[PDB]
**Student:** 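The structure under discussion is supplied below as C-alpha cells; questions concerning it will follow.
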Amino acid sequence: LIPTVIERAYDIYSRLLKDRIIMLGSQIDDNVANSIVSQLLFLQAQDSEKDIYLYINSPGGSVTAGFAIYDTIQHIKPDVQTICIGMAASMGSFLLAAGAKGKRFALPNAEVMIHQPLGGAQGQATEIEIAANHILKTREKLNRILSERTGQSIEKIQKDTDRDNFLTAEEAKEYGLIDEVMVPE
Amino acid sequence: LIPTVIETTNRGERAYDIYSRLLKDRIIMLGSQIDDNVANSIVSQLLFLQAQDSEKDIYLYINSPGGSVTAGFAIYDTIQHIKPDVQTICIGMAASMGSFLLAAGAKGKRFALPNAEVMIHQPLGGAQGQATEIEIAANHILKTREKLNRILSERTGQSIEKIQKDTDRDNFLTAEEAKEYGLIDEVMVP
Amino acid sequence: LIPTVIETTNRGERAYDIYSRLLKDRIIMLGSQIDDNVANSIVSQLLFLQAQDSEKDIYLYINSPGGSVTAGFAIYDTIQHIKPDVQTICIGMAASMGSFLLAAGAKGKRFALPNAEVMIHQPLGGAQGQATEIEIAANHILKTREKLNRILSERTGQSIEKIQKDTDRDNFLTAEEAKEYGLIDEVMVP
Amino acid sequence: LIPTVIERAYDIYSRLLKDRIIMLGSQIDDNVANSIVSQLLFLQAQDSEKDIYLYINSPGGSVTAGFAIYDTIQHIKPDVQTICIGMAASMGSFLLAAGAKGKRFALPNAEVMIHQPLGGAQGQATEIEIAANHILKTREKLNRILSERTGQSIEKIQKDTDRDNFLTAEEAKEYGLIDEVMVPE
Amino acid sequence: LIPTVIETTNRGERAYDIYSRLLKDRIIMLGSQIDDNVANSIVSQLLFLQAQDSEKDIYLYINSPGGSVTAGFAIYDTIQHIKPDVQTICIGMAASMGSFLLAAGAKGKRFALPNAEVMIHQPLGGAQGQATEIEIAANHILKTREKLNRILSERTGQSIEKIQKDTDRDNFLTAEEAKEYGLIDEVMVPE
Amino acid sequence: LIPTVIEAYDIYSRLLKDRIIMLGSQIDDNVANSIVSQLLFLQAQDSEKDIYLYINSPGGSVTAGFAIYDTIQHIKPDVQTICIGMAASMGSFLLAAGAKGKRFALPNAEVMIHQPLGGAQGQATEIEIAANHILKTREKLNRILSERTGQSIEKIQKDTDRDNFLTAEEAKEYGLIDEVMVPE
Amino acid sequence: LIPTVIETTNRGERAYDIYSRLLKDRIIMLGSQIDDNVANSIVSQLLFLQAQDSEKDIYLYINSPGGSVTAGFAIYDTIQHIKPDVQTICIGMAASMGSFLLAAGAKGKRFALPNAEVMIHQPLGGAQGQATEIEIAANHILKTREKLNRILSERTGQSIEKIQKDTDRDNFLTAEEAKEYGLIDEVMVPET
Amino acid sequence: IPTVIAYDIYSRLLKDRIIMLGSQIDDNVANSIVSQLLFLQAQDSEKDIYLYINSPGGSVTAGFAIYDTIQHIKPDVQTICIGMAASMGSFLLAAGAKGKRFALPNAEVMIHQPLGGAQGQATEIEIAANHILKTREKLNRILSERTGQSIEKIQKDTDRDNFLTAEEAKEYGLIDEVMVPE
Amino acid sequence: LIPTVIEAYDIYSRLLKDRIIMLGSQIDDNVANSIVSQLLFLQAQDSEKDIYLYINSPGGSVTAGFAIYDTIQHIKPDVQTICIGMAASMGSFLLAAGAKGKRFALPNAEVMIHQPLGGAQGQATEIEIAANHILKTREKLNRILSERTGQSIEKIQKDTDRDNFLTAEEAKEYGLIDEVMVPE
Ligand SMILES: CC[C@H](C)[C@H]1C(=O)N(Cc2cccc3ccccc23)C[C@@H]2N(C(=O)NCCCC(F)(F)F)CCC(=O)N12
Ligand SMILES: CC[C@H](C)[C@H]1C(=O)N(Cc2cccc3ccccc23)C[C@@H]2N(C(=O)NCCCC(F)(F)F)CCC(=O)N12
Ligand SMILES: CC[C@H](C)[C@H]1C(=O)N(Cc2cccc3ccccc23)C[C@@H]2N(C(=O)NCCCC(F)(F)F)CCC(=O)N12
Ligand SMILES: CC[C@H](C)[C@H]1C(=O)N(Cc2cccc3ccccc23)C[C@@H]2N(C(=O)NCCCC(F)(F)F)CCC(=O)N12
Ligand SMILES: CC[C@H](C)[C@H]1C(=O)N(Cc2cccc3ccccc23)C[C@@H]2N(C(=O)NCCCC(F)(F)F)CCC(=O)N12
Ligand SMILES: CC[C@H](C)[C@H]1C(=O)N(Cc2cccc3ccccc23)C[C@@H]2N(C(=O)NCCCC(F)(F)F)CCC(=O)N12
Ligand SMILES: CC[C@H](C)[C@H]1C(=O)N(Cc2cccc3ccccc23)C[C@@H]2N(C(=O)NCCCC(F)(F)F)CCC(=O)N12
Ligand SMILES: CC[C@H](C)[C@H]1C(=O)N(Cc2cccc3ccccc23)C[C@@H]2N(C(=O)NCCCC(F)(F)F)CCC(=O)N12
Ligand SMILES: CC[C@H](C)[C@H]1C(=O)N(Cc2cccc3ccccc23)C[C@@H]2N(C(=O)NCCCC(F)(F)F)CCC(=O)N12
Ligand SMILES: [Mg+2]
Ligand SMILES: [Mg+2]
Ligand SMILES: [Mg+2]
Ligand SMILES: [Mg+2]
Ligand SMILES: [Mg+2]
Ligand SMILES: [Mg+2]
Ligand SMILES: [Mg+2]
Ligand SMILES: [Mg+2]
C-alpha cells in the first residue's frame, strides 16, 4: 500500500520524481533498469542542468540491467547524485560509485558490500568455457570501471572483491566508493 | 479493503484512503514486517513531510514484528537526518528492529500505549557454504549486533554489556517495563 | 464484489464503497479474523473519527472469530485512548479476542443481536526450540493470559478466578448469557 | 467481468442496490454477511418504510454469518422480501424463510434444499464434547426459528432435515418456507 | 538394521534376530506407536507363549507413546484372557494407551526403570460431518473414556473422579510418582 | 511500480509521446502486439519524424520478433535502435534492423548473437518437420542479418553456432550497429 | 550394502553381517540418530549380552548426533540395570543425548578416540495449543533438563550450575577436553 | 550385486582384507568400515589391509571415525584411489600407511575446505563458525603431518576446489606412488 | 525379476563364472565399484584367461568410467569389449579401451561419441575453476581416445564437438572397435 499525497494527486514515489529524486529501492532486474532509464531521460528533458538524486537501497542484481542504468547516468547532462540509505550491495554499490564525482553519499549506518559477479553455466565443456570467459570478461569490465571511479588499482579491486566484503559508510568513503558520509542536519 | 474518507475542504472536495489521510496530518504507519519496500516507502514519506514543513513534528506509528536490519537502518538514518522531531508510538507490538526504531524516536517523544508489547533480541541470520564464507557471514552479523547494541545503549542509557545480556534471548517487555528500560519515555495513558 | 453507493451533492455525486459509506456515519466494521492489517485499519479509522468529531459516539460492529492478541490490544488501547464512546455491537459471532473487544466497548453501550454467538477461551500459541526458549514462550503466554483475564474481570464484574475457570476450554454463550455474564450490557431487540 | 450501466455510472449490482435490491448470490461467509448487513443498514437509513428485496441464489454456508444477516433483517424497520432464483440451500433456505411474512417468494423452477448443520471437531474427548454440544445447540436454534417461520413443528423440522431434502418451489410453499410461487407476468 | 544372534544348541546351531531371541525367553517388545499391526503381533506372541507354557511368566517391555485405543484393548484383553502372569516393564516412556497397558500387567509385577517417563491423559479423536454424526462420534469417545477410566480405577486403586481430573490434560509422572499413583508396583533399581 | 509524471502520464506513455518505444523485456506475442501497435500509431501521428526503439532485451519468440521487424520495415518513418544494457538473440536481430546509420549502443551495452532454440517431440516424421522448420527459420534470420550487417551468410552461420558475446564497439565492427553513442 | 563375514565352525560354516559379528564379541553399535527403534534394539542387545555372560564387559560404540531423550533414557537405564560393565567409546561424534550416553559408561571405561568430537547442549522441543498446554510442555522439558543435568553432574563430577551454564548453547569439545570435563576417562591412543 | 561361489562380490573382497569405500561418506558408511577394520584386525593383527577409495567425501566426523580406527589398529592400511577421491575422501587417502598410499594413473584427487551451514541468532552463528573453523584447522594440521606440506600451504591450496592428477597428488604428498600397469 | 539357473546362480552371476562382466546401465560409482571388484576377482582366479566386458550403456560419470578404465589397464588378463545395443559417451570410451584386436560390436549396435557434460554455479572464480576442470578432463579423454583409435587429437576434438552417432561398421572404420562380430 503506497500512500498518496495531494497538493494534483501523486503516489509518494511519483511525488519524489517531481523533485528529481529517483528511487533504486529493489533488486536490479530489467524492469527496474527500464524504469530508472526512462526517469533519467525524462528528468534530463525537463531540465538538462539541475542535479538528479538517485536513492540506492538495493542488494544489486543483473549486471546488464545495472549497466543500462550506468550508461544512461553517464550519457545525460545533469549530475546524478547517489545516496546510499540502508544497503548498497553488488551492482548496487557499483551504481553508488557511479554517481557524479563529489556527489556520492551514504548515511552513517548504511551498509556497502562489494564482491565478484555471480553466475551459472551448464551443458557441454565448450559451452561452459564460453560462459566462463564471458563472466570473467564481465568481471574485468566491472573492476576497470570501479578502479576509475574509486582511484583504487584493478589489482586491489580484484583482491577486495574475491569474497563478500562488507564496508561501513566511513569505510566506503575511505575506499573511494563514496565522497562523503552525510551527517545529520 | 482499505476504507476511503471524503472531506469537503474549502478549495473543493478530496478523497483519501485512510492511510493517506493520516499522512496529510504527518502520521506515518509502520504496520508490517520491515522489508526494503516498507523502508523505501517510509523513507519517502519522511523526506516528503520534511519538505512540507521542516519544523512540525512527525508521528511514526509502530505495530511491527521487525524484519530486515538494513531496511530498518534506512528508516533509522532518515529519521536522524531530517530536521523535524519524529515521535514514535508503539501500538500492539514492537519487536526486534521494530523496537529498535521505537527507541530511535525523538528524545522525550517515544511512547507506547499501556497494553502494547515490546520485544528485544539479538539479530537473526543464516550462512551456508565454505568455512571462510561462514566466517565472513559470522563476522558480519556480529559486527551488525555491535552496531545495534551501541546505538541502543546511546538511546536507552543502558550499558552495552547490559544490552548484550538482555538481548541474548527473546526478552518481552510491557509498556511500563520498556519505559523503565529507556526504550520509550512515556506510557501514553487514556 | 463490494457494492458502490452514490449520493447526489451540490458539487457532484459522491461515490462510496458500502463500508466507506458506513464509516461516514462513524461505523467501523470488525468483520474478519484479527491480524495486524485489520488492527492498523481499525486504529486509523478510530483516530480519524475522533479528529472528525471528538464527542459523537463511534459504532464498532463485531463479526469476528478473533485472532492476534497484540493486534487485538492495538484496537483495545486505541478505543480506551480516544475521547468518543465506542459502542460495540456483536452480529453473527464474537469469539476469542473478538469477544474481548466486544466487552471493551463503552460501559452501557455494548450490545449483541439476539442470535449472535459469543465465545470465550484461553489464548492459543506455540513454541519450538531449546528448553529455555520454551520457558520464555510459556511465561509470555501465561502473562498474556493474566492480562486478558484481569481486564475481562474489570469489564465484566466477574472475578479473575471465575474468568480463569470459564475460559479453560471453549465456552459458547448466547447473547442473553453474554449479558448475564457482563460481556455486554443489552441484547438489542427488534 | 461485471457490466457497467450509465444513466451516474454504476456496476450492475450497485444499480440494483439503488432500487433497494440486495443480491445474496454466493456461498455465505463473513465477507458476504458483512456486505449484506451494511447494505441493509444503508437502505433502512435511506428509507425506513419502503420494502427491501433480497435475491437469494446461494448454496448456504456459515451459520453465524447467516445469523448476522438474519438478525439485521429482523432488526430493521422495512420489510425485507426474499426471492429464491436458481437455488436456496442450507443457510440460504433459512434466510429465504426469514423474509417478511407474505413476501417470501420463489420462481417456479427454483430449487430449495434443507438439511442439518455440518461441522467438525478434533482433539481431546472433552473438546469433542464441547464441539458436539455447540453444533447440537446451534441445530436446535435453527430448528426453533424455522418452526416459527414455517408453522411446522420442531419435531417435523428435525426429521425432515436429518438428510438432504430437496424441494420444488411449490413444495417449499406447501412447507411454509415461502408464501408464493411467483408466476410469469 | 536389526542384528542377528547365533547360538549352538543341542540339535544344531540356530540363528535369531535379536527380538525373536528375546521372544524365545518369553519377552515381548511393545516398542512403538500402538496400531492394529502392532496389536495383532503382540496378541499372536501372547497366544503362542501361553501355549508354549501356560504357567511361566511373560515379560512385556513397554517403550511406547500409545496410539489406537481399540488396538490397545486387543492387547489388554489378550493379557487378561491368558493364564500366565504378564509382567510389564516401562523403559524410556509409556504414554497414553502405553501407560494403560503398563497398569494392566499382573498385580505386583508392574515395573518401571528409575528414569522412565509415564504420561496419562484423556483420549484423542476427531469427527466431521453432520450434527448427528458429530453427536455419535462424541458419545463414542466419551463412552470410551469412561471405559478406560473405570479400568484404570480398578488397576490403580484411585477413584474414577480422581482419574478423570488427573487425565484432563497431559500429566507427566516420574517412575516413583507412577508407583505412588498405583500405575506400577515397583521402581526396578539397579542389581 | 511505474511512476507518474504530470505536465498525467505513466513514465513509458510519456516517452511514447516523444516517439520513444521501449523494448525492455523478453519478446513474446504480447510484447510484439504492443510494439506493433505503437509503431502504427506513431506513423499515423507523423509519417516523417524518426521513431526511437530502446532495446534492453534477452530476445525471445522468433515469430514475435518478426512481427516487430516487418512493422519497422513497412512504416515510413526511420526507426532508430538503441541498445542499452543488453540485446541478445532476437533482441540483437531487432537492433540490427533499425534504420541504416541510426543503430546505436551505449558503451557498456552487451550484444549477443546465437542460433535459434527450440524443441520437438513425437514421431520421427514430426521431429523431421520441426527440424526442417527451425533450420529454415535459421536460414531466414541469417540471410537478413547478412543483408543488415554486410557480413556473409557463411560468417554469420559460423559466428552464431554458439553464444557469441560482443561489446558495443565489437557490435559496430561487426555491422550490427552503426555507432557507439558516447557521452554528451 | 552391509558386508557378510563367514567363519567355519565345528558344527558348520557360519555367516554373519558385520554388525552381528561384532555383537558376538559383545560390541553394540550406537551409530545413528537415537529414536525408539534404535533404543529398543540396543536395550534388547544389552539384555541378551547380560544373559549370555553376566560378568564380561560390554562395549558400546557411539557415533551419534543424539536424538530422543526418552529413547536415550531407555538405553541409559538398561545400562545401569544390568550386571556387566558397559564401556563407552566415542568414535567420530557424540552429540546431545549421544554424549549423555558416552558419560553413562562404566566408571574408568569411558573413552574417545583422539579426533572424535563431543558436543553438549540443552534439550530441544516444541509446544502448541492453549496457554495451560504450553505451560505443561514447558514444565515438562524444564524438569527433563534438570534430570539430565543432575545425572551429568553425578557422572562428570561437575556442579549442576556449571552443567546448566555450559549447556546453554552448543558446546563442542575435543576428546581431550571431554576427558578434562569428566565426560570420558581416557583418550584412547594408537596401539604399539 | 553379483554372487561368487557363496559370497556377494564385496564380501568376497573382504575375505582377502579389501575394504571398499565406494560412496559418499555418511555415518552408515563409517560404521561399516570401522566394523570391517576391527574385524580384519582381529582376524590377523599383522597382515596388511587394503582400503579402496572411490568417493566424493562427505561427513567430516564420519571421516574421522574411519581415520581414528585406521590409526588405532595394528595392521597397515594401504589406501588406493581408483576413479576419484575428493574432500574427506582425499583426506582418508592421505591417511593410509606411510609408503602404501596409491592412486591409479587416471584417478582424480580433489582437496578443498570443509562445507557447512548455520542459521539462527548471531551467537549461534558465531558458535557454528568457530566450530567449522576449528574443524578446518584440525584437518589442515593432520594433512600437513601426512603430506609434509606446511599448514600455511594447505590453507592456501584448499581455499577453493583444487583438482589434482594422480602424479600431482604424489608430488603433493597425498599419495606415495602412482600404481602403474603390471 | 532376474532369472535363476541351476546346474544355483542368478543369470548375471552365472555369466561371471565364465569371466563375463555386464556393463548394462548408466555408469555411476556403484556400477564402477562392482565392475572394478569383478575385474580384480577374475584376475585372482586366472591371470591369463581373457575377460569379456559386455557394454550396453549410455555412459555416465567420467571418474567412475576412469575407475573401470584404469582397472582394465592395470590387470594382467586381456579384457575384450563387446558393444551390444548401445555404447554412448563414457560407454564408447570404455568400448575403445578393450584389449587391442579384441574390441567388438554386433552389426546393429549403436556407438555415440561426444564431449563431456557438466555444470557450474557461483562466483566468477568458481566458474573458472569448474571450466578449467572440465576442459582438462576433455583433453585427458581425447588424448587417450587418440591413442586407442589412431585418430589425431584434432580430429577427435572436432568429431566430439556435437553428438556423433556411428554404426558398428563406422566405429570399426574410426578405430573405436577392431571388428564387427558377424553371425556364427
Ligand atoms: C539526442 C537525444 C537522444 C540521445 C535521442 C535518443 O537517442 N533516444 C533513444 C533513447 C531512448 C530511451 C532511453 C535512452 C537513454 C539514453 C540515450 C538514448 C535513449 C531518445 C532521445 N529523445 C528524447 O530524449 N526526447 C525528450 C523527451 C524525453 C522524454 F523522456 F521526456 F520523453 C528523442 C529525441 C532524440 O533524438 N533522442
Ligand atoms: C535532505 C536531503 C538533501 C537536502 C538532498 C538529498 O540528498 N536527496 C537524496 C535523498 C533521496 C531520497 C531519500 C533521502 C533521504 C534522506 C536524505 C537524502 C535522500 C534528495 C533531497 N531533495 C529534497 O528533499 N527535495 C524536496 C522534495 C522532497 C520530496 F520528498 F517532497 F520530493 C532534493 C534536493 C536535495 O538537495 N536533497
Ligand atoms: C490526539 C493527540 C495524539 C495522541 C497524537 C499522537 O500521538 N499520534 C500518534 C498516533 C498515530 C497513529 C495512531 C494513534 C492511535 C492512538 C494514539 C496515537 C496515535 C497521532 C495524533 N495526531 C492526530 O490525531 N491528528 C488528527 C488527524 C488524525 C487523522 F486520523 F484524521 F489524520 C497528530 C497530532 C498528535 O499530536 N497526535
Ligand atoms: C438506532 C440505529 C442503530 C441501532 C445504531 C447502531 O446500533 N449501530 C450499530 C450497527 C453497526 C453496523 C450494523 C448494524 C446492524 C444492525 C444494528 C446495528 C448495527 C449503527 C447505527 N447507525 C446508523 O444506522 N446510521 C445511519 C447510516 C447508516 C449507513 F449505513 F447509511 F451508514 C449509527 C447511529 C446509531 O445510533 N446506530
Ligand atoms: C485360549 C484360546 C482358545 C482355547 C481358542 C481360541 O479361542 N482361539 C482364537 C484366538 C485366535 C487368535 C488370538 C486369540 C487370543 C486370545 C484368545 C483367543 C484367540 C485360538 C486358540 N488356539 C490355541 O491357542 N492353540 C495353541 C497354539 C497357539 C499358537 F499361538 F501357538 F498357535 C486354538 C485352539 C483353541 O481352542 N483356541
Ligand atoms: C498501415 C496501414 C495499412 C496499410 C492499413 C492496414 O493494413 N491495417 C492493418 C494493420 C493493423 C494493425 C497493425 C498493422 C501493422 C502494420 C501494417 C498493418 C497493420 C490498418 C491500417 N489503418 C491505420 O493505420 N489507421 C491510422 C490509425 C492508426 C492508429 F494506430 F493510430 F489507430 C487503418 C487504415 C488502413 O488502411 N490500414
Ligand atoms: C534383568 C532382567 C530381569 C531378571 C527380568 C525382567 O525384568 N525382564 C523385563 C525386561 C524386558 C526387556 C528389556 C529389559 C531391560 C532391562 C530390565 C528388564 C527388561 C526380562 C528378564 N528376562 C531375561 O533377561 N531372560 C534372559 C534372556 C534374555 C535374552 F535377551 F537373551 F532373551 C526374562 C527373565 C526375567 O526375570 N527378566
Ligand atoms: C582391547 C581392544 C579394543 C581397544 C577394545 C575396545 O575398546 N572396543 C571398542 C570398539 C568398538 C567398535 C569399534 C572400535 C574401533 C576402534 C577401537 C575400539 C572399538 C572393542 C574391542 N574388542 C575387539 O576388538 N574384539 C575382537 C573381535 C572384533 C570383531 F570385530 F571381530 F568383532 C572387544 C574387546 C576389547 O577389549 N576391545
Ligand atoms: C593387483 C592389486 C594388488 C596385487 C593389491 C592391491 O593394491 N589391492 C588394492 C585394490 C583394491 C580394490 C580394487 C583394486 C583394483 C585394482 C588395483 C588394486 C585394487 C588389492 C590386491 N589384493 C588382491 O587382489 N587379492 C586377491 C583376491 C582378489 C579378490 F578379488 F578375489 F578378492 C590384495 C593383495 C594385494 O596386495 N593387492
Ligand atoms: Mg550525469
Ligand atoms: Mg529527526
Ligand atoms: Mg473511548
Ligand atoms: Mg425487517
Ligand atoms: Mg495374564
Ligand atoms: Mg552396567
Ligand atoms: Mg594402521
Ligand atoms: Mg588388461
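In each ligand, atom 1 is the first atom listed, and ligand 1 is the first ligand listed. Per chain, numbering begins at 1; letters A, B, ... match sequence-line order. Worth knowing before you read on, the calculation uses all heavy atoms, side chains too, and leaves out hydrogens, waters and symmetry mates.
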**Student:** Counting only heavy atoms not in A/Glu49 (residues, nucleotides, ligands), do more than 12 fall under 6.0 Å from its CD?
**Tutor:** no
**Student:** Vertex the Mg ion (ligand 10): angle to O of A/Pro78 and O of A/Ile73, to 10°?
**Tutor:** 130°
**Student:** Within the 4.5 Å heavy-atom criterion, are I/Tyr52 and I/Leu15 side-chain neighbours or not?
**Tutor:** no
**Student:** How far does CG of E/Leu102 sit from CD1 of E/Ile62, to the nearest 0.5 angstrom?
**Tutor:** 5.0 Å
**Student:** State which residue, out of A/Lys77, A/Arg20, A/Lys103, fulfils the salt bridge (charged side-chain N to carboxylate O under 4.0 Å, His left out) condition with A/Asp51.
**Tutor:** A/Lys103
**Student:** Given side chains that start at C-beta, do those of G/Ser68 and E/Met93 come closer than 4.5 Å, heavy atoms only?
**Tutor:** no
**Student:** When you check ligand 7 against the protein, what N or O pairs turn up below 3.5 Å? List the atom names and distances, or just say none.
**Tutor:**
residue	atom	partner	partner atom	Å
ligand 7	36 (O)	E/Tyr59	OH	2.9

**Student:** Working note: G/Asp77 + G/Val43, criterion side chain to side chain contact (heavy atoms under 4.5 Å, CB included); need CA distance, chi angles, decisive distance, verdict.
**Tutor:** CA-CA 9 Å; G/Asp77 277 353; G/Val43 168; over 6 Å; no
